[PDB]
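Visitor: Please see the structure below; I have some questions.
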2 protein chains.
Amino acid sequence: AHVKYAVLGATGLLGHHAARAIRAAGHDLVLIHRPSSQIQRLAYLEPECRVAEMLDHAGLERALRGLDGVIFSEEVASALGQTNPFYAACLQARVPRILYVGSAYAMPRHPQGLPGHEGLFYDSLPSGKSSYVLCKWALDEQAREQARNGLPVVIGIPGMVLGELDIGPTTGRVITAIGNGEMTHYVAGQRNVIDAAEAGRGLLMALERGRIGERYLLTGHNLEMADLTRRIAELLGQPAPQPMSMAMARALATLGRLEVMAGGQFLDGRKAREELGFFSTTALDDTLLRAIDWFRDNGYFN
Amino acid sequence: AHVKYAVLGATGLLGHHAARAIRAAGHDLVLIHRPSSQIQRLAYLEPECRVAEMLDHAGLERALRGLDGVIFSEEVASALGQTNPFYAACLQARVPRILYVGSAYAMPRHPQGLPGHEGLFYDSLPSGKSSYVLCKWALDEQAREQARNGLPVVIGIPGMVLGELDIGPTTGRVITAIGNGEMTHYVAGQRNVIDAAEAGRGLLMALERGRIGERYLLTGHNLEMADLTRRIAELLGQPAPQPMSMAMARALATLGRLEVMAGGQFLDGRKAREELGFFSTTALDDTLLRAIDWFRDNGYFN
C-alpha cells in the first residue's frame, strides 16, 4: 500500500467515512486522535493510530510525519484556536497535501436564487449575519489564507451529511427526532443532502485531485425541507411534520426576549464532477434507510 | 412625618411605585441605592438617599439605621447571593418590619385549576421545573426561613405589574412589542395583571399590616393572554396577535436542539383584601393607556 493518508476527527460521521474510503482505495490509513477519543471503533480498518492533543505542536508534528496527505474534520475565536496549530504543524511536518472540511454557510446565498457554487464569496466580514455563519466564514477564510501563503490546502465542502455510523447523532437528529415523535413541525427551506459513504469518497477525491486553494462542493440531492421531512416520516411509518411559518418562528424568538434553522441553499455539484470525477449515484431512500437501520440497531429509537 | 420607610430597588417599576406610595401616605421616604444607579429620577419625592452596594455589609447596616420598615425589590446561587447579605444587615440594623417582593412562580399550579392562593406550596425542591421557577421558589423559601428564624419578614407577591415609569421596559415589553409590530403571535395562557400604582400601595400595605411570615398576593385582573394581547392591540390601533399552538412552541424548541412563557395562573386576591384592606379599583384599560402614554412620550414606539 504505497500511499499513506491521515484523518483527524475520524470518530465523527464524516471522518469515519473518509477513513473507510482511504481503506477502500487500498491506501495505508493513519488516524490522528486525541487520547480521550474512542478510536478503537475503527480498529477493523487496521489503522495506524497516532495520539495527539490538538493544542500540542510537538505531537501534531510527530503525528503528521511521513504522510502523503491529511483530512481535517467566544465561538469564532476558539474555532480558529483549534485549527491554527494544525496548520502550524502541517508546515513543520512538510505534509504535501491537506484537505480541510468546510461548510456551505461560509458562502453567501446565490444572488439570483440559483443553486450555490464555489465562486460565491463574501467580499469581507459577513456583517450582521449569525455567529454560526461568521465562524464558518472565518474557517473558510483561514484555509484559503494558508493556501495563499504556500500551504497545500484544498477545501472540501459537503452538503448536509446523512448516513450510518452517526454517533451523537449529529446531522441525523432529524431522523431520530421525527422517529421519536419529537419533530412535530418543520420550517420551509432549501437544502442539499449527501450520503455519508459518498461524502467520504468525495473528500478522498478532493485530497488527491483538487487544485490547491480551491473549494469543492460535494453534493447529493437538492431538497425542500418539506420533502426531506416527508420521506423520513413515510419510511419510519410516521406522520409527516407540518409546516411552520417563518413569521411564527420569529414570533417565538420574540416571546423569548421577554433562523439559519432554514437558511440553507441548493448546491451545484459541477466543479467536483468535472475536476474530481465526483458525483453521487445513491438513491436518497437508500441513504435514509441505511441511517434509519443503524439508528435502530443501536437503540436510538424508543 | 413620624414614620420612616426605606426601599431598595426604587428605580425599578415596582420599587418606584412603592416609593411613591410611601410619599403619598405622608411618611418619610428613604431610598437605599447602589452608587451606579440613577436615583435622581426620584428627587421629586424629596427622598433621603443612602448609598450602599448590595454586597457591602457595613453599608447596608448603615443605610438600614433608624427605619420603621423596608421594602426589598449560576442563576439560583447568585439570586440567593444578593439577598443573603440584606437579611444579614436587617438583623444587625434591627429593622422592625421587612417586606420582600416575591413571585407567583414560587407557587405550584392550583391542583384543581382554580385561581392560585397563598396556601399553595411545593412540599420540597420543585424538581424537574424550570430554573426560573427554581430561583423563584428558593427566594420564597429563603424569606419564610428568615421569618421562621425570628426576622420580621412579610412576603408580598404581585401579579404581572403593568403601568407607567417602566424603564427597560421590563414587564411592559408586551406593550412595546405589540406596538412596534414585533409580537405578531402569542401563546395561550392564564395570567393576573396588576396596575403599577396600586401594586406599590399594596406593598406598603403588606409592610405595615401583614402577618410576619405570611405571603400576600396583590392582584388586579385575571386575564387570558388572548384578551390582554387583544386589548393592547385595539388601544394601539394595531392588529391582534394570532394564537400560536403550544405544540408549535415545543416544535421550535426542538428545531433549536439541532414554556413558562405561558405557564402563569390566575390569582386569588382575598387574603390581601380581608387582612390588608387591599384590592384593585382601576379599570384595566386605564392602566394599559397610562403605560402606553408613558412609553410614547419617551419614544419607545417607533
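If you're wondering about the labels, chains in the C-alpha cells are A, B, ... by order shown, residues count from 1 in each chain, ligands from 1 in order shown.
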Please identify all residues of chain B having at least one atom at most 6 Å from any atom of chain A, considering only C-alpha atoms, and return them as number ranges by chain.
Guide: B: 183-185, 251
Visitor: With a distance cut-off of 8 Å and only C-alpha atoms, select the neighbouring residues of range 1-7 of chain A, excluding the residue or stretch itself and same-chain residues fewer than 5 positions from it, and output the selection as a list in words.
Guide: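 Here the answer would be residues 15, 18, 19, 22, 26, 27, 28, 29, 30, 31, 32, 64, 66, 67, 68, 69, 70, 71, 72 and 73 of chain A.
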Visitor: Mind writing the picked residues with N, CA, C and O atoms as a compact mmCIF listing (two decimals), in the first residue's frame?
Guide:
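again27.txt, written as the output of this step:
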```
# COMPACT_ATOMS: atom_id res chain seq x y z
N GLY A 15 -15.61 12.00 9.15
CA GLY A 15 -14.25 11.44 9.23
C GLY A 15 -14.20 9.91 9.14
O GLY A 15 -13.28 9.35 8.55
N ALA A 18 -14.44 9.12 5.63
CA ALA A 18 -13.18 9.40 4.91
C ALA A 18 -12.22 8.24 5.16
O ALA A 18 -11.65 7.70 4.23
N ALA A 19 -12.07 7.85 6.42
CA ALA A 19 -11.17 6.78 6.80
C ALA A 19 -11.45 5.52 5.98
O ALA A 19 -10.55 4.96 5.34
N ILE A 22 -10.38 5.72 2.37
CA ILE A 22 -8.93 5.55 2.27
C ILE A 22 -8.59 4.08 2.34
O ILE A 22 -7.75 3.62 1.62
N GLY A 26 -7.31 1.16 -0.94
CA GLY A 26 -6.08 0.40 -0.71
C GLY A 26 -4.87 1.23 -0.32
O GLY A 26 -3.75 0.85 -0.58
N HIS A 27 -5.09 2.38 0.30
CA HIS A 27 -4.01 3.15 0.88
C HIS A 27 -3.77 2.76 2.33
O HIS A 27 -4.58 2.07 2.94
N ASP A 28 -2.62 3.16 2.87
CA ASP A 28 -2.33 2.98 4.27
C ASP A 28 -3.02 4.10 5.02
O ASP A 28 -2.88 5.27 4.65
N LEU A 29 -3.77 3.75 6.05
CA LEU A 29 -4.58 4.70 6.78
C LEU A 29 -3.92 5.04 8.09
O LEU A 29 -3.57 4.15 8.87
N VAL A 30 -3.76 6.34 8.33
CA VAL A 30 -3.35 6.82 9.64
C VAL A 30 -4.51 7.60 10.26
O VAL A 30 -5.17 8.38 9.57
N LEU A 31 -4.76 7.38 11.54
CA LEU A 31 -5.77 8.10 12.29
C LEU A 31 -5.10 8.90 13.41
O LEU A 31 -4.50 8.32 14.33
N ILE A 32 -5.17 10.22 13.31
CA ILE A 32 -4.64 11.09 14.35
C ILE A 32 -5.80 11.42 15.29
O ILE A 32 -6.76 12.03 14.87
N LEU A 64 1.97 13.92 12.20
CA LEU A 64 1.90 14.26 10.78
C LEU A 64 3.16 13.88 9.98
O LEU A 64 3.28 14.23 8.80
N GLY A 66 5.64 11.79 7.68
CA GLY A 66 5.70 10.73 6.68
C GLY A 66 4.36 10.36 6.07
O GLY A 66 4.09 9.18 5.81
N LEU A 67 3.54 11.38 5.84
CA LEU A 67 2.25 11.22 5.22
C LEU A 67 2.30 11.73 3.81
O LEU A 67 3.05 12.68 3.51
N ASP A 68 1.49 11.13 2.93
CA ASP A 68 1.24 11.72 1.62
C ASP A 68 0.02 12.67 1.62
O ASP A 68 -0.21 13.36 0.65
N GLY A 69 -0.75 12.71 2.70
CA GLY A 69 -1.86 13.67 2.81
C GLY A 69 -2.64 13.57 4.12
O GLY A 69 -2.47 12.61 4.87
N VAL A 70 -3.51 14.55 4.39
CA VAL A 70 -4.29 14.58 5.63
C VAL A 70 -5.67 15.24 5.46
O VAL A 70 -5.80 16.32 4.90
N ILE A 71 -6.70 14.58 5.95
CA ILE A 71 -8.03 15.16 6.01
C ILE A 71 -8.30 15.71 7.41
O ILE A 71 -8.08 15.01 8.38
N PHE A 72 -8.78 16.94 7.50
CA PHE A 72 -9.14 17.56 8.77
C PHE A 72 -10.66 17.72 8.91
O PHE A 72 -11.26 18.55 8.23
N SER A 73 -11.27 16.93 9.81
CA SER A 73 -12.72 17.02 10.13
C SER A 73 -13.05 17.91 11.34
O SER A 73 -12.84 17.51 12.48
```
Visitor: Calculated over only C-alpha atoms, which of the candidates B:43, B:289, B:143, B:165 has the smallest distance to residue 196 in chain B?
Guide: B:165
Visitor: Which residues are near range 211-221 of chain A? Cut-off 6 Å, only C-alpha atoms, ignore same chain within fewer than 5 positions. Put them as a list in words.
Guide: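 Listed by chain and then number, they are residues 118, 144, 147, 152, 153, 154, 155, 156, 157, 158, 159, 192, 193, 194, 269, 272 and 280 of chain A.
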Visitor: Kindly give the distance, in Å, that separates CA of residue 273 in chain B and CA of residue 164 in chain B, rounded to a single decimal.
Guide: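 So the two atoms, CA of residue 273 in chain B and CA of residue 164 in chain B, lie 24.0 Å apart.
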Visitor: Figure out the distance between CA of residue 60 in chain B and CA of residue 133 in chain B, please, to one decimal in Å.
Guide: 28.1 Å
Visitor: Any idea what the distance is between CA of residue 195 in chain A and CA of residue 263 in chain A?
Guide: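 Separation between CA of residue 195 in chain A and CA of residue 263 in chain A: 20.6 Å.
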Visitor: Could you go through range 23-239 of chain B and tell me which residues DSSP, when run on the backbone, assigns to strand (DSSP E or B), listing them as a PyMOL selection string?
Guide: chain B and resi 28-33+48-51+69-72+98-101+116+153-158+160-162+185-187+190-195+215-218+221-224
Visitor: Which parts of range 150-285 of chain B does DSSP call alpha helix (DSSP H) when run on the backbone here, written out as a PyMOL selection string?
Guide: chain B and resi 173-179+196-209+225-236+246-257+270-271+284-285
Visitor: Can you pull out every residue within 8 Å of residue 63 in chain B, counting only C-alpha atoms, but drop anything in the same chain fewer than 4 positions away, and send it as a list in words?
Guide: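 Here the qualifying residues turn out to be residues 32, 50, 51, 52 and 59 of chain B.
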Visitor: How about saving the chosen residues, N, CA, C and O atoms kept, as a PDB file, in the first residue's frame?
Guide:
```pdb
ATOM      1  N   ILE B  32     -32.549  53.343  49.475  1.00  0.00           N
ATOM      2  CA  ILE B  32     -31.242  52.715  49.537  1.00  0.00           C
ATOM      3  C   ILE B  32     -30.887  52.284  48.119  1.00  0.00           C
ATOM      4  O   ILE B  32     -31.566  51.454  47.550  1.00  0.00           O
ATOM      5  N   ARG B  50     -29.518  56.956  50.675  1.00  0.00           N
ATOM      6  CA  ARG B  50     -28.403  56.314  51.353  1.00  0.00           C
ATOM      7  C   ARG B  50     -27.724  55.369  50.386  1.00  0.00           C
ATOM      8  O   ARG B  50     -28.389  54.537  49.778  1.00  0.00           O
ATOM      9  N   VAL B  51     -26.412  55.525  50.211  1.00  0.00           N
ATOM     10  CA  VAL B  51     -25.678  54.725  49.229  1.00  0.00           C
ATOM     11  C   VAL B  51     -25.257  53.401  49.855  1.00  0.00           C
ATOM     12  O   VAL B  51     -24.824  53.358  50.996  1.00  0.00           O
ATOM     13  N   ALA B  52     -25.415  52.318  49.111  1.00  0.00           N
ATOM     14  CA  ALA B  52     -24.994  51.019  49.586  1.00  0.00           C
ATOM     15  C   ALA B  52     -24.913  50.047  48.428  1.00  0.00           C
ATOM     16  O   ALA B  52     -25.902  49.832  47.729  1.00  0.00           O
ATOM     17  N   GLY B  59     -22.229  48.921  54.865  1.00  0.00           N
ATOM     18  CA  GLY B  59     -23.003  49.995  54.253  1.00  0.00           C
ATOM     19  C   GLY B  59     -24.498  49.755  54.262  1.00  0.00           C
ATOM     20  O   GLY B  59     -25.279  50.705  54.370  1.00  0.00           O
TER      21      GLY B  59
END
```
Visitor: Would you list the contacts of residue 131 in chain A as a PDB file with C-alpha atoms, in the first residue's frame, taking every protein, DNA or RNA residue within 12 Å and counting only C-alpha atoms, but skipping same-chain residues closer than 6 positions in sequence?
Guide:
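around37.pdb, freshly written:
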```
ATOM      1  CA  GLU A  74     -16.073  33.003  22.217  1.00  0.00           C
ATOM      2  CA  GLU A  75     -17.266  30.628  19.381  1.00  0.00           C
ATOM      3  CA  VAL A  76     -15.261  32.186  16.460  1.00  0.00           C
ATOM      4  CA  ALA A  77     -12.022  32.794  18.424  1.00  0.00           C
ATOM      5  CA  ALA A  79     -12.776  27.643  16.340  1.00  0.00           C
ATOM      6  CA  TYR A 105     -22.544  28.510   5.253  1.00  0.00           C
ATOM      7  CA  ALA A 106     -19.170  30.153   4.533  1.00  0.00           C
ATOM      8  CA  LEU A 125     -16.711  40.304   7.063  1.00  0.00           C
ATOM      9  CA  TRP A 137     -16.863  32.145   7.115  1.00  0.00           C
ATOM     10  CA  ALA A 138     -13.713  32.577   9.211  1.00  0.00           C
ATOM     11  CA  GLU A 259     -33.300  31.324  11.564  1.00  0.00           C
ATOM     12  CA  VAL A 260     -30.340  29.574   9.919  1.00  0.00           C
TER      13      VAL A 260
END
```
